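To start, the structure itself, in structure tokens.
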Amino acid sequence: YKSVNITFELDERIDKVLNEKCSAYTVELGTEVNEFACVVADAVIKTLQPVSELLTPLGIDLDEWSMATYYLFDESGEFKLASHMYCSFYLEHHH
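If you're matching positions, the sequence shown starts at 2 in the deposited numbering and goes up one per residue.
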């Protein structure tokens, strides 16, 4: 297995909550990064479900977040599992 800690860069209004509440994962080695990204996406949506109505005034549409693909990057900017990864809605990331 690989223990992974995620730094979320999805929306500055909520990233600190995600970093505290749903940042730690254990991933079987050989899991593809896009499969792991679905696990992270599940945790983000599960974490934010109780506040979906409260997030709309903050500019966050949880329905849209539930449809988007989440992208995970190591500190080299690659789609490769690592002890520390970044989660973004964008297709590139700069550590």
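Ideal Cβ placement from N, Cα and C applies to all residues, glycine included.
Nearest-angstrom Cα separation, counted from residue j out to residue i
i: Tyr91; j: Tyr71; result: 8 Å
i: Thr57; j: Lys47; result: 16 Å
i: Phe74; j: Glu54; result: 30 Å
Burial state of residue i, where buried means 16 or more other Cβ atoms lie within 10 Å
i: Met68; result: exposed
i: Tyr2; result: exposed
Residue(s) in a DSSP beta bridge with residue i
i: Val28; result: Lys3
i: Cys88; result: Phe9 and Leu73
N-terminal and C-terminal residue of the alpha helix (DSSP H) that residue i is part of
i: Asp62; result: It is not in any alpha helix (DSSP H) - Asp62 carries neither H nor E in the DSSP assignment.
i: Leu82; result: Neither: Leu82 is in no alpha helix (DSSP H) and is coded neither H nor E.
i: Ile46; result: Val34 to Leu49
Contact with chain D by residue i, beta-carbon distance below 8 Å
i: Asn35; result: The structure shown contains no chain D, having only a single protein chain.
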